[PDB]
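Protein chains in written order, with my numbering: chain A, 1 to 52; chain B, 101 to 152; chain C, 201 to 252.
Beta carbons are placed, not taken as given, at the ideal position from N, Cα and C, and that holds for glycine.
Structure record follows, encoded as structure tokens.
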Amino acid sequence: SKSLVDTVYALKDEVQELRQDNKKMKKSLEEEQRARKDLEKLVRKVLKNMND
Amino acid sequence: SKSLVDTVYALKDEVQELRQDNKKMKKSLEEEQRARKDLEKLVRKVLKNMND
Amino acid sequence: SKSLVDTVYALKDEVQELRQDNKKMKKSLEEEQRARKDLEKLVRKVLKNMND
């Protein structure tokens, strides 16, 4: 059925673009962890400049 | 087909609520970046209070 | 229809594994907030060691 088949492939589309966004979300969540882990280093270097 | 058509629209539902969650996830990931970028400022102000 | 029915359940699969990933993404986004909120504490303790 034309319309029945349409909506499904319309959905395969929508779902594909969703995988896409996870991909990059997973990606920049992971950049954020790294950005802040580096911040702890800096902060820890500070603390071991006071009580040294 | 009743059940065949049901599951598809059942899926259109499920997929719509997924776009929704990306939306807000994208959203609070973005709030987190900002929250921590502000933290670097603070930390950097600290470092340029020691070696000034 | 065999193939028509296949792609739909093929899609129910794909969509289920997507909910899964949100679940854990929501999860580690939330771990990240906590990890950095703790960092502010540390940083704030620093600032209230200088101007005390």
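Shown here, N49(A) sits in a helix according to DSSP, grouped into three states. Here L39(A) is near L139(B), since their CB atoms are less than 8 angstroms apart. By the Cβ rule, the region 10-24 of chain A counts as touching the region 110-126 of chain B, because three or more pairs are nearer than 8 angstroms.
Taking a C-beta distance under 8 angstroms as the contact criterion, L204(C) and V5(A) qualify as a contact pair. About 46 angstroms separates the Cβ atoms of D152(B) and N222(C), ruling out a contact at the 8 angstroms cut-off. Separation of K237(C) and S101(B) (C-alpha to C-alpha, rounded to the nearest whole angstrom) is 53 angstroms.
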